[PDB]
Amino acid sequence: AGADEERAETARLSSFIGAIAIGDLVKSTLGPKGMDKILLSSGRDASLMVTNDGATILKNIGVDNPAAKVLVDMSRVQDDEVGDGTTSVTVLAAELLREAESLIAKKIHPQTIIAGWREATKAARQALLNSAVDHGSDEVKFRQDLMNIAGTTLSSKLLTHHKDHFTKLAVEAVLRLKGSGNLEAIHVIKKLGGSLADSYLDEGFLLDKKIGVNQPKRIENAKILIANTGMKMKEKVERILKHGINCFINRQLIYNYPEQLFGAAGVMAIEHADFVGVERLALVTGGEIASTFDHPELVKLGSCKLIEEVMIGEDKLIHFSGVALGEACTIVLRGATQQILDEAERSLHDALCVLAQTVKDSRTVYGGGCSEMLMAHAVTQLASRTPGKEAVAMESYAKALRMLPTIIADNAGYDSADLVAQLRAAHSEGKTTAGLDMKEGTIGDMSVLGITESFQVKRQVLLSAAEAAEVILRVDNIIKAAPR
Amino acid sequence: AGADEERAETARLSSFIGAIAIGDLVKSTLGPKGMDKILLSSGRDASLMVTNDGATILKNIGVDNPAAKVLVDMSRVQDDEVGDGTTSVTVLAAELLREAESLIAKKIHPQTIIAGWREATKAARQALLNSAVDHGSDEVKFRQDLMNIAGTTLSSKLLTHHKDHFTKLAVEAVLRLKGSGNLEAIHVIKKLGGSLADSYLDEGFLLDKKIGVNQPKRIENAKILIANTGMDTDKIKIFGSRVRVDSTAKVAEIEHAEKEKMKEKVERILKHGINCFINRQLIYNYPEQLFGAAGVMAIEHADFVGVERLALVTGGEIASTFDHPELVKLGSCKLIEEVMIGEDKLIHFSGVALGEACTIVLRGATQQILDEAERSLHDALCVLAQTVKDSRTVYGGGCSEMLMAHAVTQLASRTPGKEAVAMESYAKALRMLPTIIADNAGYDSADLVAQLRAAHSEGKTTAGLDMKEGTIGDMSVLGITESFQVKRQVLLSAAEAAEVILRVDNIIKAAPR
Amino acid sequence: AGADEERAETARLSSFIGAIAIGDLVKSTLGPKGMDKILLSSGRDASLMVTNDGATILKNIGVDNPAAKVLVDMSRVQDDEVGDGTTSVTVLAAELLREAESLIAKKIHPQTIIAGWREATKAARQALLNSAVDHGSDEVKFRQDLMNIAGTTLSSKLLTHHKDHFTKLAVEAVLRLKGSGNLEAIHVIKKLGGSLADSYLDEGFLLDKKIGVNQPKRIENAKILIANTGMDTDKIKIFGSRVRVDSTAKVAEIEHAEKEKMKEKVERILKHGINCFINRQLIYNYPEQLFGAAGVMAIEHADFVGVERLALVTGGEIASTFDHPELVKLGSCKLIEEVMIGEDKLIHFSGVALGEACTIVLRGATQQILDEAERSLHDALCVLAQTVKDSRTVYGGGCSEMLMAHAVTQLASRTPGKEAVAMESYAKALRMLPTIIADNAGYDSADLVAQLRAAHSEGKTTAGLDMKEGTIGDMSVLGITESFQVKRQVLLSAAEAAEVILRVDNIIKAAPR
Amino acid sequence: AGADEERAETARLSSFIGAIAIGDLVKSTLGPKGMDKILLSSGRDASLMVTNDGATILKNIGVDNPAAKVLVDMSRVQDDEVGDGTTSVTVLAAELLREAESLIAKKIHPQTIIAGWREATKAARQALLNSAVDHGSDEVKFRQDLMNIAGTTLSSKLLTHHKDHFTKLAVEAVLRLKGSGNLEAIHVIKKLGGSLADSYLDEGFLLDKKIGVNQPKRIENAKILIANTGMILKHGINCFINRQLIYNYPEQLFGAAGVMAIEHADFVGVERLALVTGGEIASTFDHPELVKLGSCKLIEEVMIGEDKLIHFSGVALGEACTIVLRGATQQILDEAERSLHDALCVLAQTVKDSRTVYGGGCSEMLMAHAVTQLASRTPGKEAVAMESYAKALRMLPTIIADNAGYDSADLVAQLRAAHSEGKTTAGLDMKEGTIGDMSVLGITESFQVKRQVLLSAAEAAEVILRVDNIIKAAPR
């Protein structure tokens, strides 16, 4: 007859344990020299999943019963109006718990200490109104288009040797898209051919399948047919000839008889086409209603610009192009003939979401930990000002920022100890631009690098970090849901 | 090895242990910024309920062999009379047992000592008519409506930063329910999402659930239909299986039957002018297409507890088979609509003609501890309804307790005899309450107890414990007051529950592995 | 322990220890200030039960290995005859065994020794009309109605703080019960609602059932109808099931028969003016609809024991089939109404013409302490009924015990031989009763025993132990008197219980391994 | 299967425990609510002995297996060249170890963590001049002569309710003492009696002895005789003081003469008296007259309160004086003897140092805000060692406040804000229960106590980290 019922000190401990385990894994992730981690499952799940982005790995699975899944769940709301950048929001909340040990020596009422969270909102304000930001962002923009935040998100990813060039490309992709609708209608695939650019830009949507060895190489003023039901010959041919049918896409197995017909007719068909490709394609072509063979003609809306199979100097590919809607567009990447090129698939997704927020927010802060050290110098002063109870809690929040300088340089391979003192001295002076340089191994000018963080990511994290920790102390024990 | 057989001294201890074990869990609850506990046991328990309200949790479970269940049950009668604010009745009874060790020293008669509790009646009446309490509560009333007892009941809880505002709000609810007939029908729910106000007051009863994406947004002069039996049709006493047939033609006979259920539902429904349908279970899909076009809003799997509350509100209904529409149903009519409450969508029933039942909604900041607000409202709602009926209250912040302690201390030495030891033990009991109020706030209890006594000793009734101050101050300026009937009953409840347990000492145990 | 087979002297000790163990728990139960104990068990025991009545608890459970359960069983026969007051029969039997240690020293024939309580029979004749007595109990009686034995019976009980008032109330109940009744028409219930009085005396019968929510709230010039046969008509030879039938052809015939039952009940009813109908068993639904329109209140499944008591109260009735109404039925007509009491819905029957039967309603808070009141009251009813019929009583608070003890001491020395040693031992047994009363008085026992003997020795039967005084006082002024029946029966069977235990040696089997 | 094995990290633990074991017993002693502990021993130790100050008890003997004896020996040299204050140097060194656990998380080089200690030598210097704090100690000094550092020394001590006044008094004694005149001829005891001052400062030397019952009670126009060798009318001799046993025959003579003599007077008291009276040539009975120099203002036996003492006063030289002190009698009173030794050393340093810092914890909080910055300016490996040292300073404000009988947590916040502002005057006022103006109080700490206190803490911390083994065995 039970399920939890935790006493004062032990109950506190369970919250404490959840925070420490999460912080170390998310720790390697932060900043340019972040590390990818692989997860192995052998049953229902198929293989090791890297998941470099910290938020995605916590959301996907619920390994154990201690409280932490709900804390994790909130970070997604953070992601929706701004996204990623680098995951630092979870680490700050976790470090709050380490001095809770100090709090037992407090020998009093922990709840008054809660006013420290109130204090934290003031602390957030000195970050919101005191450092970085940017001057213009006129729209589209000749040179302000990128070489900024996309690089920041990308910096964490190792591929940034020639990759930063690809990130730079991403803005052109966002410019075509932007405005209303946020992010979705974009498709990206890697290629095995090697170029210095390592990437190409395409007008249409990319797919990778073939009917068979036989069939025409190219079609024009193409009509697109999508069928729910798999593939009678004559009904298909008589309906087909009038339309001038240039291509057929089926999301499943296809009967052999039609296959011979399509080749002679001059029509290209696709076997087992991915449904997701089809659904995006439907938006692109104006759509249709997928029924029985009555499907060709008026019930089918076709986009007549250009459908062709294009060989990009190696792997056979098929490109759909000239969409009237314009809402959906696809980018095809070349590469330098590396596995890292596979890694670029991982990188593009980072590229479109970061940029969409960057154009809309019209604000940024200096990256590489520059924002973080400056705030830390200021917070020490803050603890002294607050009354008795409030200051002990406030000081702990203040030293929390200290761990970040260590995390950014530790992943660099340089000595973490040496890095902290030198970092603090430059920030103390009043130089917002100055920050951690991992490549150098010391400190340098962040602005020259072109590394910046969305203004929006910083405003939400400071508020979320405070309330989420505040939420946990309120509750002695949680879960819920009962049998029968 | 043995059989856990307890003798005299030890037997007394088990009664003793039960009182101390309960006190530690409940002490956290009293005074500002209490702990909040969930407790899930499995086995005919359908929810992990979190309660910092001592009366509710003690009653729910009869946990073990040692005696304590009988003591706990009585407090509910007290709740019926008023029994709320901060749960101190059980704690006060528990400290009574601590003197029992000194009782062995008091070599005399255990039940002579019991005369002390009848004597507690003398103490109970002493609290009464002694120390001017207050006076007001004219009707509706501008300022005297709150910033009083509800604030103190919630003082005890952490939420009082933002929350005291919510407590202030709860009197508006009592004002609307005034003059109709006692305290009944109050339902409170919390909302996931943050707003500075952290609460909105709706004109009627509130629910969570929607028919579907389609249907008119709002209905006016609504007729309400409640059905015991579901809209679902299929298995009856004749089976087909999970069938479809050999061609198109035979399928039509099955199709036609389904239409007849739709047809009856619309034909009967339109004449009544039906605006909303509420069903306490699964709802068959066909009627929804119908309801959407008609302009009628239906609720799938509506909770039964909400429905019973609603029936008192609407005027009731008799729920049966499809004959259920027209006059067998007594739906009330004003406005039923779904109103965007901040973040999440809710459905509100309002303007009930009967007017005997009303609803309040609290928001919060989206947590399982969000439910803390539900807990605070029960505390707030119950006290104010009584505040209207009692028309009497006492100064809060422990002002009442310290003064009474001063009067009782004098009494013990004055009466020579066997009675005097018993009378004085009761007298220092009052001393702990000042101590508890100070400890929870965030200040040192030792300094507080003595400083407090000097101000009360002087003769100032208004002066009391100021938790925010950390010392003492004018309670009246704060506005904190306690309902008059809570004190009459609390003193009697403590004594009656306590007498039986001291007089009771035989406890039986099973084994230690 | 841990290894056991019984022979000669070892077997005797088990009987010895069992008597002492029970004596301490029961001893507290004797006198104006007694003690209550609670027992906890599982698998048919809901919770710890507080048992004041020693006979009730001993019968209920066989807790351990030593033999004493058989001794316990006999006491029940005594209980129906008269039973209670205070449990003193078991204590006297147990104290008999302490000087058994002396008997090994005596070294002859224990059977010869047995002749000593035959001698105690001589003590019984000695105790016959020796000890003034009490003249009272003429009939009904104003002042001597109570504050006597019932108060003493309740003295032990854990509710005497307010209970002694309840006892006083009970004699009023016995006065109506004498002459033209039996030991019928007595019923009492307990209800939530803390009050100083803790009980109400009703002029009628108390019941708790309702026809349905509909029907007039109050009835007057009431006519009462009681039916042996249920209103239900249908199942007989071919019920089939509860029914809905194919369309409307076959079933129309069956409901029509029902209509005949509906009409007969109303036609007879209206002429009489019927205000209330009480049926002991299931009631048919059709008439229920009809009663509401008429303005007649009926009771479904009323308990038979309550009904018959009501019949003497109302004036009686002849209960047969539907020809029951009009003249064969006799109905009292003061007032019948449904009144909410504290919490639990309840109805009251009052103003009975006969005047020979009435009902008492007790108030508490639904804790099992409240449960205790339900059978505490039962104990009070039984002692008063004996008091009117016996017209014989003896002085209370140990008055009887000291007088007899001084006289019996003389007998031991005076009668030569074997007889002298056995009589003296019986005589010292009586000494403990005065001592037990003093111990539970909170007054030093040594001083009490010494002063007590001198007053009894002097020749005043009225003088006795006053616990409140701390010293010896006049029992008669207090008014505490013991009924004559409790003293003669205890002496008669005290002898026999002793006889079975020591008349045998060697009990055959039941071992640990 | 488990005799005892330890290297590096385990070796560190034995050293770690020795510092923690000492710290709990010592910490109780620190501050106004200091505590007295009882120890029992066998082997040239008769019975349980309790010492209020840590330095006296630690040096007397060495208990066991863990290293700590070497660390302990350093404090007495410190006491000789300055002193006690309140015991705290041992505490600061012990708390340094507690960050060792932090160091494993750091994962670099614990050996060069050690290089941080010479940073500390610099840190003591940086505890100077970057912060303000002195602005005083001019000469005799009007207001700030005392109610200073001595009051802080006194704060640990229970008697501070009237004692703090006594402490103020002590500097007056030192001002007369100061100069080329050596640190000698200062005598102080205690007495039972009434009066608000609770202590008298007298003109001459105080002694407690009696000739015998049969001697004149008062002498005036007194003449003083001091003899090296053991055992009148013309001189008018009023009092005779001899350092040793006095022969019985003369004693009868002195009583009817009108002369008061002192048997077995202590030599140290006699020599001080000689400097005071103008001296004497102590030879054989030829000693009376000119070879004897005797001051004559007045010598008498006076009941201070209850007990009778002999007071020498009205000294012409003025170079040496005596302090009476007063108390409420207990072993705690003997603590005054402990504090007394403690007070003399502080003031002597004050005259020639010419420097002081604000007391009551004012110095410690200001340093803390400043030291956080200091670690950052230096290269990072060096910085971590110094920054850890800086966080150690936080405990001192808390310990002063915790023993005050006021809430420690409240104190830490309010204290820091005053220091942050820039006024060195603000500090911890134990009497107030909150932060107040130290300068009005007049509390300033001797410059030497701060310079060497830091050095003693450093040495205690170093011995544990730089040596892997302190053990012994021999079984094989």
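Of the regular secondary structure elements, chain B holds 18 helices and 14 strands. Projected onto its principal axes, the C-alpha coordinates of chain B cover approximately 100 × 70 × 35 Å. Classification of the 513 residues of chain B by burial places 48% in the buried group. Looking at chain B alone, contacts between residues at least 24 apart form 76% of all its contacts between residues at least 6 apart.

Moving on, we come to the sheet that holds strand 12 (residues 360-364) of chain C. Residue and element names in this part refer to chain C. Here we have 3 strands laid out as an open sheet, ordered 3-12-4, and mixed in their pairing. Each having just a single partner strand, strand 3 (188-192) and strand 4 (199-201) make up the two edges of the open sheet. Geometrically, the sheet is characterised by an average inter-axis angle of 20° between neighbouring strands, direction not taken into account. With 5 bridges joining them, strand 3 and strand 12 adopt parallel strand pairing. Considered in strand 12, the bridge of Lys-191 is made with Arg-363. Sitting on the sheet, helix 12 (residues 368-390) touches strand 3 and strand 12, and the angle it makes with strand 3 is about 160°.

This part is about the interface of chain B and chain C. By convention, interface size is frequently given as the accessible area that disappears when the constituent parts associate. In this assembly, 24 residues from chain B lie in contact with 29 residues from chain C. On the chain B side of the contact with chain C, B:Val70, B:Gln111 and B:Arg503 bury the most area, a combined 22% of that side's loss. Taken together, the links from chain B to chain C amount to 2 salt bridges. Where the side of chain B that touches chain C is concerned, the elements lending two or more residues are helix 3 (69-81), helix 6 (110-113) and helix 18 (484-503) of chain B.

This part covers the environment of B:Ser332. Positionally, B:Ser332 belongs in the loop between helix 12 (304-314) and strand 8 (335-340). Residue contacts for B:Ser332: discarding those within four places in its chain leaves B:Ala222, B:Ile224, B:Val313, B:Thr314 and B:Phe349.

With that settled, the discussion passes to the sheet that holds strand 1 (residues 186-190) of chain B. All names here are of chain B. One open sheet accounts for 3 strands, arranged 1-10-2; its pairing is mixed. The sheet is open, and its two borders are formed by strand 1 and strand 2 (199-200), each paired with just one other strand. Bridge analysis of strand 1 against strand 10 (residues 358-362) gives 5 bridges, and the strand direction is parallel. Across the sheet, the residue bridging to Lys-190 is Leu-362, located in strand 10. The strands touched by helix 13 (residues 372-390) within the sheet are strand 1 and strand 10, with strand 1 carrying the most contacts at an inclination of about 155°.

Attention shifts here to the interface of chain A and chain D. Each partner contributes to the interface: chain A provides 23 residues, whereas chain D provides 25 residues. For the pairing of chain A and chain D, the buried interface totals around 1,700 Å² over both sides, and the portion due to carbon and sulfur atoms is 53%. It is A:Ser384, A:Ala417 and A:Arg424 that lose the most area in chain A upon contact with chain D, and together they represent 26% of the buried surface on that side. In this structure, the connection of chain A to chain D is made through 4 salt bridges. Across the pair D:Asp402 and A:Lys107 runs a salt bridge, and its minimum N-O distance is 3.7 Å. Counting across the interface, chain A meets chain D through 8 residue pairs in polar contact. For the side of chain A that touches chain D, the secondary-structure elements that each account for two or more residues are helix 14 (370-385), helix 15 (388-410) and helix 16 (416-429) of chain A. The residue makeup of the side of chain A that touches chain D, split by class, is 7 nonpolar, 8 polar and 8 charged.

Here we take up the UniProt feature "binding site: ATP" in chain D. Residue and element names in this part refer to chain D. Within this numbering scheme, the UniProt entry marks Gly-31, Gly-85, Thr-86, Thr-87, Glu-445 and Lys-450 as carrying the feature "binding site: ATP". Turning to its location among the elements, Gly-31 is positioned in the loop between helix 1 (9-29) and helix 2 (54-60). Not counting chain neighbours up to four residues away, the residues in contact with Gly-31 comprise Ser-155, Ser-156 and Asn-403. Here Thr-87 is in contact with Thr-29, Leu-30, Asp-53, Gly-54 and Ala-55, once residues within four sequence places are set aside.

Attention shifts here to the state of the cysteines. Under the defined criterion, the tally for this structure stands at 0 disulfides over all chains. Between D:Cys321, a free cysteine, and D:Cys296, which holds the nearest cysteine sulfur, the sulfur-to-sulfur gap is 17 Å.

Bringing the packing of helix 13 (residues 399-414) of chain C against helix 15 (residues 445-458) of chain C into the picture now. Residues and elements named next belong to chain C. Closest axis-to-axis distance for the helix 13/helix 15 pair is 9 Å, and the angle between their directions is 75°. Classified by the angle their axes make, helix 13 and helix 15 are roughly perpendicular. Contact residues: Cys-399, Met-402, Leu-403 and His-406 in helix 13; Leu-452, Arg-453, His-456 and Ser-457 in helix 15. For the contact of helix 13 with helix 15, the residue count by class is 4 nonpolar, 3 polar and 1 charged.

There is a patch of nonpolar side chains on the surface, built from B:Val243, B:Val245, B:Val251 and B:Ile254 and spanning about 340 Å² of accessible area. Mapping B:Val243 onto the fold places it in the loop between strand 5 (224-227) and helix 10 (250-272).

Another point: the UniProt feature "binding site: Mg(2+)" in chain D. All names here are of chain D. According to UniProt, the feature "binding site: Mg(2+)" maps to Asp-84 in the numbering used here. The residue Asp-84 is located in the loop between helix 3 (69-80) and helix 4 (89-97) in this model. Classification of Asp-84 by relative accessible area gives buried; the value is 15%. If we skip the residues at most four places from it in the chain, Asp-84 touches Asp-79, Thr-153 and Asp-342.

Backbone geometry places A:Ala132, a non-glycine residue, at a positive phi of 80°. Position of A:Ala132 relative to the elements: it lies in the loop between helix 7 (115-128) and helix 8 (149-155). Unusually for a residue other than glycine, C:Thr366 sits at a positive phi of about 60°. With respect to the helices and strands, the residue C:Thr366 is situated in the loop between strand 12 and helix 12.

This part is about empty space enclosed by the protein. The computed volume of the largest cavity comes to approximately 250 Å³. Looking at the largest cavity, it is lined by 25 residues, and the ones nearest its centre are C:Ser137, C:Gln144, C:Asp145, C:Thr387 and C:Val388. For the lining of the largest cavity, the secondary structure elements donating two or more residues are helix 8 (160-177), helix 12 and strand 16 (481-483) of chain C. The dominant element in the lining of the largest cavity, judged by the number of residues it contributes, is helix 12 of chain C, at 4 residues. Classifying every residue of the lining of the largest cavity by side-chain character gives 7 nonpolar, 9 polar and 9 charged. Two domains each provide a minimum of three residues to the lining of the largest cavity, namely domain 1 (1-133 + 392-513) and domain 2 (134-202 + 356-391) of chain C. Taken as a whole, the second largest cavity spans an internal volume of roughly 160 Å³. Lining the second largest cavity are 15 residues, and of these D:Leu207, D:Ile241, D:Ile262, D:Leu273 and D:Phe312 lie nearest its centre. Residue assignment for the lining of the second largest cavity shows that the elements contributing at least two residues are strand 6 (239-242), helix 11 (267-277) and strand 9 (308-313) of chain D. For the lining of the second largest cavity, the per-class residue count stands at 12 nonpolar, 2 polar and 1 charged.

All names here are of chain A. All of the buried residues in helix 12 (residues 275-285) are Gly-277, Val-278, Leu-281, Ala-282, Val-284 and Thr-285. An end-on view of helix 12 places all buried positions within 160° of arc, on one side of the element. In this fold, the buried residues of helix 12 make contact with strand 2 (205-207), strand 4 (224-227), strand 5 (247-250) and strand 8 (316-321).

Bringing the nonpolar core into the picture now. By size, the foremost hydrophobic cluster in this structure holds 36 residues, and its most contacted members are A:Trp117, A:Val379, A:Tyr397, A:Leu401, A:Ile408 and A:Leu462. Counting only elements with at least two residues in this core, the list comes to helix 1 (8-29), helix 4 (89-95), helix 7, helix 14, helix 15, helix 16 and helix 18 (455-474) of chain A. With 9 residues, helix 15 of chain A is the single largest residue contributor to this core. In terms of nonpolar packing, the next biggest core, distinct from the first, is built from 33 residues, C:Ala185, C:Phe205, C:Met297 and C:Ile336 among them.

The next point concerns the packing of aromatic side chains. Residue and element names in this part refer to chain B. According to the stated counting rule, one finds 8 aromatic pairs over all chains in the structure shown. Centroid distance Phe-277 to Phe-291: 5.6 Å. Interplanar angle 50°. Geometry classified as tilted. In this pair, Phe-277 sits in strand 6 (residues 276-279) while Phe-291 sits in helix 11 (residues 286-294), placing the two residues 14 residues apart along the sequence. For the pair shown, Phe-277 and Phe-291 are each scored as buried.

Criteria and cut-off values
Residues numbered from 1 in each chain as written, not as in the entry; some residues may be left out. Chains lettered and ligands numbered in written order. Part of a larger assembly, values for the part shown. Heavy atoms only, no water. Helix = DSSP H or I, 4+ residues; strand = E, 2+ residues; numbered from the N terminus. Buried < 20%, exposed > 50% of the residue type's maximum accessible area, 1.4 Å probe, protein only. Contact = heavy atoms within 4.5 Å. Pairing = 2+ DSSP bridges. Axes fitted to C-alpha atoms, helices over the stretch in contact; angles between N-to-C directions. Buried area = accessible area lost by both parts, 1.4 Å probe. Salt bridge = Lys/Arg side-chain N within 4 Å of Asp/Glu carboxyl O. Polar contact = N/O pair within 3.5 Å; in protein donor to acceptor, adjacent residues only side chain to side chain. Nonpolar A, V, L, I, M, F, W, Y, C, P; charged D, E, K, R; others polar. UniProt positions renumbered as here; feature names shortened; annotations may be inferred. Disulfide = S-S within 2.5 Å. Parallel < 35°, antiparallel > 145°, perpendicular 65-115°, else oblique. Patch = residues over 30% accessible without salt bridge, like charges linked within 9 Å, V, L, I, M, F, W, Y side chains within 5 Å. Areas by Shrake-Rupley, 256 points an atom, 1.4 Å probe, with all protein chains shown as cover. 1 Å grid on protein atoms, 1.4 Å probe; cavity = no way out; pocket = protein on both sides within 12 Å on 5 of 7 lines; lining within 4 Å. Points joined across faces, edges and corners; volume = space filled by probe spheres on them. Domains from an automatic or database assignment. Arc of directions from axis to C-beta. Core = buried A, V, L, I, M, F, W, Y, C linked by side-chain atoms within 4.5 Å. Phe/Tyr/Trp six-rings, centres within 6.5 Å; stacked < 30°, edge-to-face > 60°.

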